[PDB]
file input-v9.tsv (TSV, N, CA, C and O atoms)
chain	number	residue	atom	x	y	z
A	3069	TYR	N	71.04	121.79	80.00
A	3069	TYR	CA	69.61	121.52	80.11
A	3069	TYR	C	68.89	121.94	78.83
A	3069	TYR	O	69.05	123.06	78.36
A	3070	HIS	N	68.09	121.03	78.28
A	3070	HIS	CA	67.36	121.28	77.04
A	3070	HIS	C	66.19	122.21	77.35
A	3070	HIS	O	65.06	121.80	77.60
A	3071	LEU	N	66.48	123.52	77.33
A	3071	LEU	CA	65.49	124.53	77.64
A	3071	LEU	C	64.31	124.51	76.68
A	3071	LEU	O	63.20	124.93	77.05
A	3072	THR	N	64.52	124.02	75.45
A	3072	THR	CA	63.40	123.88	74.52
A	3072	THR	C	62.36	122.91	75.08
A	3072	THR	O	61.16	123.18	75.00
A	3073	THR	N	62.82	121.79	75.64
A	3073	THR	CA	61.89	120.87	76.29
A	3073	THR	C	61.21	121.51	77.48
A	3073	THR	O	60.03	121.26	77.73
A	3074	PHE	N	61.94	122.33	78.24
A	3074	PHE	CA	61.33	123.03	79.37
A	3074	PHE	C	60.17	123.90	78.91
A	3074	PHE	O	59.07	123.85	79.48
A	3075	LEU	N	60.40	124.71	77.88
A	3075	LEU	CA	59.35	125.61	77.41
A	3075	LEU	C	58.22	124.83	76.75
A	3075	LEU	O	57.05	125.23	76.89
A	3076	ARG	N	58.52	123.72	76.09
A	3076	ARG	CA	57.47	122.86	75.56
A	3076	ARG	C	56.58	122.33	76.68
A	3076	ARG	O	55.35	122.37	76.59
A	3077	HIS	N	57.20	121.84	77.76
A	3077	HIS	CA	56.42	121.37	78.91
A	3077	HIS	C	55.58	122.49	79.50
A	3077	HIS	O	54.40	122.30	79.80
A	3078	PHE	N	56.18	123.67	79.66
A	3078	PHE	CA	55.47	124.79	80.27
A	3078	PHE	C	54.24	125.16	79.45
A	3078	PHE	O	53.14	125.32	80.00
A	3079	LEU	N	54.40	125.29	78.14
A	3079	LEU	CA	53.26	125.67	77.31
A	3079	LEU	C	52.28	124.52	77.12
A	3079	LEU	O	51.10	124.77	76.82
A	3080	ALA	N	52.72	123.27	77.30
A	3080	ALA	CA	51.78	122.16	77.26
A	3080	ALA	C	50.91	122.13	78.51
A	3080	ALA	O	49.72	121.82	78.44
A	3081	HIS	N	51.49	122.47	79.66
A	3081	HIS	CA	50.75	122.41	80.91
A	3081	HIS	C	49.94	123.67	81.20
A	3081	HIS	O	48.95	123.60	81.93
A	3082	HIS	N	50.34	124.81	80.64
A	3082	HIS	CA	49.60	126.06	80.81
A	3082	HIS	C	49.40	126.71	79.44
A	3082	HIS	O	49.98	127.76	79.15
A	3083	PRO	N	48.58	126.11	78.59
A	3083	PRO	CA	48.41	126.65	77.24
A	3083	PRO	C	47.37	127.75	77.18
A	3083	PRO	O	46.91	128.12	76.09
A	3084	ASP	N	46.98	128.29	78.33
A	3084	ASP	CA	45.94	129.31	78.39
A	3084	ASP	C	46.47	130.69	78.74
A	3084	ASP	O	46.26	131.64	77.99
A	3085	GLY	N	47.18	130.81	79.86
A	3085	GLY	CA	47.68	132.09	80.30
A	3085	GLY	C	46.76	132.75	81.32
A	3085	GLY	O	45.64	133.15	81.00
A	3086	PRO	N	47.23	132.86	82.55
A	3086	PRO	CA	46.40	133.47	83.60
A	3086	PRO	C	46.13	134.94	83.32
A	3086	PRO	O	46.93	135.63	82.68
A	3087	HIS	N	44.99	135.41	83.82
A	3087	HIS	CA	44.51	136.75	83.54
A	3087	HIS	C	45.08	137.81	84.47
A	3087	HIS	O	44.49	138.88	84.61
A	3088	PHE	N	46.22	137.54	85.11
A	3088	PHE	CA	46.80	138.52	86.02
A	3088	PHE	C	48.29	138.73	85.73
A	3088	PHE	O	48.83	139.80	86.03
A	3089	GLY	N	48.94	137.72	85.17
A	3089	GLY	CA	50.35	137.85	84.85
A	3089	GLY	C	50.60	138.88	83.77
A	3089	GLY	O	49.97	138.87	82.71
A	3090	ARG	N	51.53	139.79	84.04
A	3090	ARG	CA	51.86	140.84	83.08
A	3090	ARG	C	52.74	140.34	81.95
A	3090	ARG	O	52.91	141.04	80.95
A	3091	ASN	N	53.30	139.14	82.08
A	3091	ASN	CA	54.17	138.60	81.04
A	3091	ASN	C	53.35	137.94	79.94
A	3091	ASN	O	52.16	137.65	80.09
A	3092	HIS	N	54.01	137.69	78.81
A	3092	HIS	CA	53.40	137.04	77.67
A	3092	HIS	C	54.39	136.05	77.08
A	3092	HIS	O	55.61	136.21	77.22
A	3093	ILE	N	53.87	135.02	76.41
A	3093	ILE	CA	54.70	134.07	75.69
A	3093	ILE	C	54.05	133.78	74.35
A	3093	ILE	O	52.86	134.01	74.15
A	3094	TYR	N	54.85	133.27	73.42
A	3094	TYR	CA	54.38	132.97	72.08
A	3094	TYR	C	55.31	131.94	71.45
A	3094	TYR	O	56.52	132.01	71.64
A	3095	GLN	N	54.73	131.00	70.71
A	3095	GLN	CA	55.51	130.02	69.98
A	3095	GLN	C	55.04	129.98	68.54
A	3095	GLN	O	53.84	130.06	68.26
A	3096	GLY	N	55.99	129.85	67.62
A	3096	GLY	CA	55.70	129.71	66.21
A	3096	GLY	C	56.81	128.93	65.54
A	3096	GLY	O	57.83	128.61	66.14
A	3097	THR	N	56.59	128.63	64.26
A	3097	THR	CA	57.57	127.88	63.48
A	3097	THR	C	57.74	128.55	62.12
A	3097	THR	O	56.76	128.97	61.50
A	3098	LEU	N	58.98	128.63	61.67
A	3098	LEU	CA	59.31	129.19	60.37
A	3098	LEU	C	60.04	128.14	59.55
A	3098	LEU	O	60.98	127.51	60.03
A	3099	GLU	N	59.60	127.95	58.31
A	3099	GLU	CA	60.19	126.99	57.38
A	3099	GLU	C	60.90	127.79	56.29
A	3099	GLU	O	60.30	128.16	55.28
A	3100	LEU	N	62.17	128.07	56.50
A	3100	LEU	CA	62.93	128.86	55.54
A	3100	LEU	C	63.27	128.02	54.32
A	3100	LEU	O	63.88	126.95	54.46
A	3101	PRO	N	62.91	128.46	53.11
A	3101	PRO	CA	63.29	127.71	51.90
A	3101	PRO	C	64.76	127.91	51.59
A	3101	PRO	O	65.20	129.02	51.27
A	3102	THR	N	65.54	126.84	51.70
A	3102	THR	CA	66.99	126.87	51.49
A	3102	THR	C	67.38	125.81	50.47
A	3102	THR	O	67.91	124.76	50.83
A	3103	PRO	N	67.10	126.06	49.19
A	3103	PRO	CA	67.55	125.09	48.17
A	3103	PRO	C	69.03	125.21	47.87
A	3103	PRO	O	69.69	124.20	47.61
A	3104	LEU	N	69.57	126.43	47.90
A	3104	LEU	CA	70.97	126.64	47.55
A	3104	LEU	C	71.90	125.99	48.57
A	3104	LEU	O	72.92	125.40	48.20
A	3105	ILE	N	71.56	126.07	49.85
A	3105	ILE	CA	72.40	125.56	50.93
A	3105	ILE	C	71.59	124.58	51.76
A	3105	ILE	O	70.39	124.79	52.00
A	3106	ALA	N	72.24	123.51	52.20
A	3106	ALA	CA	71.58	122.52	53.04
A	3106	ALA	C	71.10	123.16	54.34
A	3106	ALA	O	71.77	124.02	54.91
A	3107	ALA	N	69.92	122.73	54.79
A	3107	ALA	CA	69.33	123.31	55.99
A	3107	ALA	C	70.24	123.13	57.20
A	3107	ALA	O	70.50	124.09	57.94
A	3108	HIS	N	70.75	121.91	57.40
A	3108	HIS	CA	71.66	121.68	58.52
A	3108	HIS	C	72.95	122.47	58.35
A	3108	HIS	O	73.45	123.07	59.31
A	3109	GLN	N	73.50	122.49	57.13
A	3109	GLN	CA	74.74	123.22	56.90
A	3109	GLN	C	74.54	124.72	57.10
A	3109	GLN	O	75.38	125.39	57.71
A	3110	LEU	N	73.43	125.26	56.58
A	3110	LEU	CA	73.16	126.68	56.76
A	3110	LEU	C	72.97	127.02	58.23
A	3110	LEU	O	73.48	128.04	58.72
A	3111	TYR	N	72.24	126.18	58.96
A	3111	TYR	CA	72.04	126.42	60.39
A	3111	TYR	C	73.37	126.39	61.13
A	3111	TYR	O	73.63	127.26	61.98
A	3112	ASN	N	74.23	125.42	60.81
A	3112	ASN	CA	75.53	125.34	61.46
A	3112	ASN	C	76.38	126.57	61.15
A	3112	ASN	O	77.06	127.11	62.03
A	3113	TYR	N	76.36	127.02	59.89
A	3113	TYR	CA	77.15	128.19	59.52
A	3113	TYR	C	76.65	129.44	60.24
A	3113	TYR	O	77.46	130.24	60.72
A	3114	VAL	N	75.33	129.62	60.31
A	3114	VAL	CA	74.79	130.78	61.01
A	3114	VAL	C	75.15	130.71	62.49
A	3114	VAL	O	75.47	131.73	63.12
A	3115	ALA	N	75.11	129.51	63.07
A	3115	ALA	CA	75.51	129.35	64.46
A	3115	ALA	C	76.97	129.72	64.66
A	3115	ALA	O	77.32	130.40	65.64
A	3116	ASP	N	77.84	129.30	63.75
A	3116	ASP	CA	79.26	129.64	63.86
A	3116	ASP	C	79.48	131.14	63.72
A	3116	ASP	O	80.50	131.66	64.19
A	3117	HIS	N	78.55	131.85	63.09
A	3117	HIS	CA	78.64	133.29	62.89
A	3117	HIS	C	77.50	134.01	63.60
A	3117	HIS	O	76.99	135.02	63.13
A	3118	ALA	N	77.10	133.48	64.76
A	3118	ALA	CA	76.00	134.07	65.51
A	3118	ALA	C	76.35	135.48	65.97
A	3118	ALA	O	75.49	136.37	65.96
A	3119	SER	N	77.59	135.69	66.39
A	3119	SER	CA	78.01	137.02	66.82
A	3119	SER	C	77.87	138.03	65.68
A	3119	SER	O	77.42	139.16	65.89
A	3120	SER	N	78.26	137.62	64.47
A	3120	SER	CA	78.01	138.46	63.30
A	3120	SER	C	76.51	138.70	63.14
A	3120	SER	O	76.09	139.81	62.79
A	3121	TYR	N	75.71	137.68	63.39
A	3121	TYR	CA	74.26	137.79	63.36
A	3121	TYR	C	73.68	138.23	64.70
A	3121	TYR	O	72.46	138.28	64.85
A	3122	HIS	N	74.54	138.55	65.68
A	3122	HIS	CA	74.14	139.05	66.99
A	3122	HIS	C	73.36	138.02	67.80
A	3122	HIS	O	72.72	138.36	68.80
A	3123	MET	N	73.39	136.75	67.39
A	3123	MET	CA	72.77	135.69	68.16
A	3123	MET	C	73.76	135.20	69.22
A	3123	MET	O	74.80	135.82	69.47
A	3124	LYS	N	73.44	134.09	69.87
A	3124	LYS	CA	74.36	133.50	70.84
A	3124	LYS	C	74.26	131.98	70.78
A	3124	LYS	O	73.18	131.41	70.97
A	3125	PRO	N	75.37	131.28	70.52
A	3125	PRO	CA	75.34	129.83	70.32
A	3125	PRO	C	75.51	129.04	71.62
A	3125	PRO	O	76.58	128.49	71.90
A	3126	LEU	N	74.44	128.98	72.41
A	3126	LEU	CA	74.48	128.20	73.64
A	3126	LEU	C	74.25	126.72	73.36
A	3126	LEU	O	73.63	126.34	72.36
A	3127	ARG	N	74.75	125.89	74.26
A	3127	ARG	CA	74.65	124.44	74.15
A	3127	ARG	C	73.34	123.97	74.78
A	3127	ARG	O	72.48	124.77	75.16
A	3128	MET	N	73.18	122.65	74.89
A	3128	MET	CA	71.99	122.07	75.50
A	3128	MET	C	72.32	120.74	76.17
A	3128	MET	O	72.01	119.68	75.64
A	3135	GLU	N	76.04	112.01	73.94
A	3135	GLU	CA	76.28	113.28	74.61
A	3135	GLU	C	76.22	114.44	73.63
A	3135	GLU	O	77.00	115.39	73.74
A	3136	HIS	N	75.31	114.35	72.67
A	3136	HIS	CA	75.16	115.42	71.68
A	3136	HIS	C	74.65	116.69	72.35
A	3136	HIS	O	73.77	116.65	73.21
A	3137	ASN	N	75.23	117.82	71.95
A	3137	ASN	CA	74.88	119.12	72.52
A	3137	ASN	C	74.27	119.97	71.41
A	3137	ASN	O	74.99	120.60	70.62
A	3138	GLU	N	72.95	119.98	71.34
A	3138	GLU	CA	72.25	120.83	70.38
A	3138	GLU	C	72.47	122.30	70.72
A	3138	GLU	O	72.70	122.66	71.88
A	3139	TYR	N	72.40	123.14	69.70
A	3139	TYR	CA	72.65	124.56	69.85
A	3139	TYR	C	71.43	125.36	69.41
A	3139	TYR	O	70.72	124.96	68.48
A	3140	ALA	N	71.19	126.47	70.10
A	3140	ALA	CA	70.07	127.35	69.79
A	3140	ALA	C	70.56	128.78	69.70
A	3140	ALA	O	71.43	129.21	70.47
A	3141	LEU	N	69.99	129.52	68.76
A	3141	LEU	CA	70.34	130.92	68.54
A	3141	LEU	C	69.36	131.79	69.31
A	3141	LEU	O	68.14	131.64	69.15
A	3142	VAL	N	69.88	132.68	70.14
A	3142	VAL	CA	69.05	133.48	71.03
A	3142	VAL	C	69.37	134.95	70.85
A	3142	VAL	O	70.46	135.33	70.42
A	3143	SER	N	68.39	135.79	71.19
A	3143	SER	CA	68.54	137.23	71.10
A	3143	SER	C	67.70	137.87	72.19
A	3143	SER	O	66.72	137.30	72.67
A	3144	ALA	N	68.09	139.09	72.57
A	3144	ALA	CA	67.38	139.81	73.62
A	3144	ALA	C	67.60	141.30	73.43
A	3144	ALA	O	68.65	141.73	72.95
A	3145	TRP	N	66.59	142.08	73.82
A	3145	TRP	CA	66.66	143.52	73.70
A	3145	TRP	C	65.48	144.13	74.44
A	3145	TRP	O	64.38	143.57	74.45
A	3146	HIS	N	65.71	145.29	75.04
A	3146	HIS	CA	64.62	146.04	75.65
A	3146	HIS	C	63.74	146.64	74.56
A	3146	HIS	O	64.17	146.85	73.42
A	3147	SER	N	62.49	146.90	74.91
A	3147	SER	CA	61.54	147.47	73.97
A	3147	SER	C	60.41	148.12	74.75
A	3147	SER	O	60.35	148.05	75.98
A	3148	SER	N	59.51	148.76	74.01
A	3148	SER	CA	58.36	149.42	74.61
A	3148	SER	C	57.06	149.01	73.91
A	3148	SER	O	57.09	148.49	72.80
A	3161	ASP	N	54.93	151.57	78.25
A	3161	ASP	CA	55.02	150.22	78.79
A	3161	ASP	C	56.34	149.56	78.43
A	3161	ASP	O	56.58	149.23	77.27
A	3162	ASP	N	57.21	149.38	79.42
A	3162	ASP	CA	58.53	148.81	79.20
A	3162	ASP	C	58.47	147.29	79.28
A	3162	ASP	O	57.67	146.71	80.02
A	3163	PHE	N	59.32	146.64	78.49
A	3163	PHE	CA	59.38	145.19	78.46
A	3163	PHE	C	60.81	144.74	78.18
A	3163	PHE	O	61.63	145.52	77.69
A	3164	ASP	N	61.08	143.48	78.49
A	3164	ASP	CA	62.31	142.81	78.09
A	3164	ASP	C	61.93	141.70	77.13
A	3164	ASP	O	61.26	140.74	77.52
A	3165	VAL	N	62.37	141.82	75.88
A	3165	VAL	CA	61.99	140.90	74.82
A	3165	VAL	C	63.14	139.95	74.56
A	3165	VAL	O	64.30	140.38	74.47
A	3166	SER	N	62.83	138.67	74.45
A	3166	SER	CA	63.82	137.65	74.15
A	3166	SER	C	63.27	136.72	73.07
A	3166	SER	O	62.07	136.73	72.78
A	3167	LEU	N	64.16	135.95	72.46
A	3167	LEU	CA	63.80	135.04	71.38
A	3167	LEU	C	64.84	133.95	71.27
A	3167	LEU	O	66.04	134.23	71.24
A	3168	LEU	N	64.38	132.70	71.22
A	3168	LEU	CA	65.25	131.54	71.06
A	3168	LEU	C	64.74	130.69	69.92
A	3168	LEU	O	63.53	130.49	69.79
A	3169	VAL	N	65.65	130.19	69.09
A	3169	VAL	CA	65.30	129.42	67.90
A	3169	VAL	C	66.10	128.12	67.89
A	3169	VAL	O	67.32	128.13	68.09
A	3170	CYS	N	65.41	127.01	67.67
A	3170	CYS	CA	66.04	125.71	67.47
A	3170	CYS	C	65.47	125.07	66.22
A	3170	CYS	O	64.24	125.00	66.06
A	3171	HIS	N	66.35	124.60	65.34
A	3171	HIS	CA	65.92	123.98	64.09
A	3171	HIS	C	65.57	122.52	64.35
A	3171	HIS	O	66.40	121.75	64.82
A	3172	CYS	N	64.34	122.15	64.03
A	3172	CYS	CA	63.88	120.78	64.21
A	3172	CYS	C	63.52	120.14	62.88
A	3172	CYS	O	63.75	120.73	61.82
A	3184	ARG	N	64.43	118.17	51.58
A	3184	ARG	CA	65.80	118.26	52.09
A	3184	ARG	C	66.42	119.61	51.73
A	3184	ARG	O	67.60	119.84	51.97
A	3185	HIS	N	65.60	120.50	51.16
A	3185	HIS	CA	66.05	121.83	50.76
A	3185	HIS	C	65.23	122.91	51.46
A	3185	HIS	O	65.04	124.00	50.91
A	3186	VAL	N	64.75	122.63	52.66
A	3186	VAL	CA	63.97	123.58	53.45
A	3186	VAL	C	64.44	123.50	54.89
A	3186	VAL	O	64.67	122.41	55.42
A	3187	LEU	N	64.59	124.66	55.53
A	3187	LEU	CA	65.03	124.74	56.92
A	3187	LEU	C	63.81	124.98	57.80
A	3187	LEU	O	63.22	126.07	57.76
call {"tool": "encode", "arguments": {"input": "input-v9.tsv", "output": "structure tokens"}}
result
Amino acid sequence: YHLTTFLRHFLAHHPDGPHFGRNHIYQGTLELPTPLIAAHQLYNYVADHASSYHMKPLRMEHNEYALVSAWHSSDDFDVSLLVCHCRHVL
């Protein structure tokens, strides 16, 4: 399941945030300048070495891959992060 589309739908339909839910969400985009290495090639290499980067290469008949991370933090919270890459810039 393309969870990126799920979260896009969710934030499109509730782009405000109710005033009672203790949870929070945030979306942003990063354009990494990658002239030395191709953006697709660099993304694929990082995905192949996600464990080295502590990410996780989950799938999504093409199966797109997203790098995810999670960790507890502090008021206690559970913090997570998922990244999907969407000619020398990533």
call {"tool": "residues_around", "arguments": {"input": "input-v9.tsv", "residues": "residue 3105 of chain A", "least_positions_apart": "3", "cutoff": "7 Å", "atoms": "only N, CA, C and O atoms", "output": "ChimeraX atom specification"}}
result
/A:3101-3102,3108-3110,3184-3187
call {"tool": "closest_residue", "arguments": {"input": "input-v9.tsv", "among": "A:3088, A:3111, A:3094, A:3069", "to": "residue 3171 of chain A", "atoms": "only N, CA, C and O atoms"}}
result
A:3111
call {"tool": "closest_residue", "arguments": {"input": "input-v9.tsv", "among": "A:3165, A:3128, A:3107, A:3142", "to": "residue 3072 of chain A", "atoms": "only N, CA, C and O atoms"}}
result
A:3128
call {"tool": "residues_around", "arguments": {"input": "input-v9.tsv", "residues": "residue 3125 of chain A", "least_positions_apart": "3", "cutoff": "10 Å", "atoms": "only C-alpha atoms", "output": "MDAnalysis selection string"}}
result
chainID A and resid 3112 3114:3119 3122 3128 3138:3142
call {"tool": "write_last_selection", "arguments": {"input": "input-v9.tsv", "atoms": "N, CA, C and O atoms", "output": "short mmCIF file (atom, residue, chain, number, x, y, z; two decimals), keeping the file's coordinate frame"}}
result
data_model
loop_
_atom_site.label_atom_id
_atom_site.label_comp_id
_atom_site.auth_asym_id
_atom_site.auth_seq_id
_atom_site.Cartn_x
_atom_site.Cartn_y
_atom_site.Cartn_z
N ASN A 3112 74.23 125.42 60.81
CA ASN A 3112 75.53 125.34 61.46
C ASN A 3112 76.38 126.57 61.15
O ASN A 3112 77.06 127.11 62.03
N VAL A 3114 75.33 129.62 60.31
CA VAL A 3114 74.79 130.78 61.01
C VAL A 3114 75.15 130.71 62.49
O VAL A 3114 75.47 131.73 63.12
N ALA A 3115 75.11 129.51 63.07
CA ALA A 3115 75.51 129.35 64.46
C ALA A 3115 76.97 129.72 64.66
O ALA A 3115 77.32 130.40 65.64
N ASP A 3116 77.84 129.30 63.75
CA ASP A 3116 79.26 129.64 63.86
C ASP A 3116 79.48 131.14 63.72
O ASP A 3116 80.50 131.66 64.19
N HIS A 3117 78.55 131.85 63.09
CA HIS A 3117 78.64 133.29 62.89
C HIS A 3117 77.50 134.01 63.60
O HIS A 3117 76.99 135.02 63.13
N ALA A 3118 77.10 133.48 64.76
CA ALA A 3118 76.00 134.07 65.51
C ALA A 3118 76.35 135.48 65.97
O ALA A 3118 75.49 136.37 65.96
N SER A 3119 77.59 135.69 66.39
CA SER A 3119 78.01 137.02 66.82
C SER A 3119 77.87 138.03 65.68
O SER A 3119 77.42 139.16 65.89
N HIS A 3122 74.54 138.55 65.68
CA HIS A 3122 74.14 139.05 66.99
C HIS A 3122 73.36 138.02 67.80
O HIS A 3122 72.72 138.36 68.80
N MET A 3128 73.18 122.65 74.89
CA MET A 3128 71.99 122.07 75.50
C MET A 3128 72.32 120.74 76.17
O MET A 3128 72.01 119.68 75.64
N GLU A 3138 72.95 119.98 71.34
CA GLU A 3138 72.25 120.83 70.38
C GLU A 3138 72.47 122.30 70.72
O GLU A 3138 72.70 122.66 71.88
N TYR A 3139 72.40 123.14 69.70
CA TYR A 3139 72.65 124.56 69.85
C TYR A 3139 71.43 125.36 69.41
O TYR A 3139 70.72 124.96 68.48
N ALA A 3140 71.19 126.47 70.10
CA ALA A 3140 70.07 127.35 69.79
C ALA A 3140 70.56 128.78 69.70
O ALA A 3140 71.43 129.21 70.47
N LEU A 3141 69.99 129.52 68.76
CA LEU A 3141 70.34 130.92 68.54
C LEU A 3141 69.36 131.79 69.31
O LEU A 3141 68.14 131.64 69.15
N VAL A 3142 69.88 132.68 70.14
CA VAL A 3142 69.05 133.48 71.03
C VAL A 3142 69.37 134.95 70.85
O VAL A 3142 70.46 135.33 70.42
#
call {"tool": "closest_residue", "arguments": {"input": "input-v9.tsv", "among": "A:3103, A:3137, A:3120, A:3170", "to": "residue 3075 of chain A", "atoms": "only C-alpha atoms"}}
result
A:3170
call {"tool": "decode", "arguments": {"input": "input-v9.tsv", "residues": "segment 3075-3102 of chain A", "atoms": "C-alpha atoms", "output": "PDB file, in the first residue's frame"}}
result
ATOM      1  CA  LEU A3075      -0.766  10.530   4.216  1.00  0.00           C
ATOM      2  CA  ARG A3076      -1.245  12.913   1.278  1.00  0.00           C
ATOM      3  CA  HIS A3077      -4.988  12.196   1.356  1.00  0.00           C
ATOM      4  CA  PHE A3078      -5.106  12.583   5.135  1.00  0.00           C
ATOM      5  CA  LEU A3079      -3.377  15.960   5.131  1.00  0.00           C
ATOM      6  CA  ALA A3080      -5.420  17.106   2.133  1.00  0.00           C
ATOM      7  CA  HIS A3081      -8.693  16.328   3.903  1.00  0.00           C
ATOM      8  CA  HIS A3082      -7.634  17.577   7.370  1.00  0.00           C
ATOM      9  CA  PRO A3083      -5.081  20.325   6.720  1.00  0.00           C
ATOM     10  CA  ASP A3084      -6.025  22.110   9.948  1.00  0.00           C
ATOM     11  CA  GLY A3085      -5.642  19.829  12.962  1.00  0.00           C
ATOM     12  CA  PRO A3086      -8.282  19.485  15.669  1.00  0.00           C
ATOM     13  CA  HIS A3087      -7.743  21.363  18.916  1.00  0.00           C
ATOM     14  CA  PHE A3088      -7.980  18.269  21.139  1.00  0.00           C
ATOM     15  CA  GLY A3089      -5.746  15.643  19.554  1.00  0.00           C
ATOM     16  CA  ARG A3090      -2.447  15.293  21.384  1.00  0.00           C
ATOM     17  CA  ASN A3091      -0.698  14.094  18.221  1.00  0.00           C
ATOM     18  CA  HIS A3092       1.020  16.265  15.622  1.00  0.00           C
ATOM     19  CA  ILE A3093       1.969  15.880  11.969  1.00  0.00           C
ATOM     20  CA  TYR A3094       4.261  17.793   9.633  1.00  0.00           C
ATOM     21  CA  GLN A3095       5.240  17.622   5.972  1.00  0.00           C
ATOM     22  CA  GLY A3096       8.212  19.193   4.225  1.00  0.00           C
ATOM     23  CA  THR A3097      10.482  18.728   1.236  1.00  0.00           C
ATOM     24  CA  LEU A3098      14.274  18.706   0.988  1.00  0.00           C
ATOM     25  CA  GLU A3099      16.155  19.205  -2.289  1.00  0.00           C
ATOM     26  CA  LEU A3100      19.599  17.744  -1.691  1.00  0.00           C
ATOM     27  CA  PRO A3101      22.198  19.068  -4.181  1.00  0.00           C
ATOM     28  CA  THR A3102      23.831  15.950  -5.649  1.00  0.00           C
TER      29      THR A3102
END
